[PDB]
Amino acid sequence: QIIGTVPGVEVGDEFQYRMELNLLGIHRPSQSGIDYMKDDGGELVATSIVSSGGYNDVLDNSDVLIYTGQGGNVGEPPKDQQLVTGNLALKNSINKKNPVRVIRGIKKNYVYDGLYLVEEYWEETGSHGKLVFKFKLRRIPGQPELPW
């Protein structure tokens, strides 16, 4: 479990499978969009996220990404998302200011996008009355650009 850059993995590197992300220490979960670990202390912090067509993420070709919290049956019946696990880790990552690897799903299937910081999160009341989290992430300046 490593925070920040992973040796031998360059911005722009592409992968066919989630399991390659795991083999290379980029992103461990087989399906989950958020990976996290405990820091110096009991607190969870996020290490990497995957945005691949789930959940109405907002990805333009700018430095800012809006990333939807996991769960609540968003993207069984609708229910409130919960500030635990990966959602809570992303939140905590706001205070820690730790880098977070971002992998983006591409319609060969995944690209490493570089490091981002989580700048804030908020709650939204979906079209169903249920809570959804949104995390605003900003790419750290100085990284190679990606074409899209």
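Residue numbers here begin at 1 and follow the sequence given. Here, rigid core means the biggest group of C-alpha atoms that superpose within 1.5 Å across both forms.
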- Item | Greatest C-alpha divergence in 4 other deposited structures of this protein once each structure is fitted on the rigid core, 55-63 or 109-117 | 55-63
- Query: Checking the other entries of this protein that model its neighbours, is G71 missing in at least a third?
  - Reply: no
- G75-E76 interval: deposited residues absent from the model: 4 to 9
- Task: Going by the record, give me the number of deposited-sequence residues missing between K107 and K108 as none, 1 to 3, 4 to 9, or 10 or more.
- Result: 10 or more
- Once you work out the mean C-alpha B-factor for both 37-45 and 97-105 from the entry, which is higher? 37-45
- Between 130-138 and 6-14 (mean CA B-factor, as deposited), the higher: 6-14
- Query: Which one of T68, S30, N87, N61 shows the top CA temperature factor in the record?
  - Reply: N61
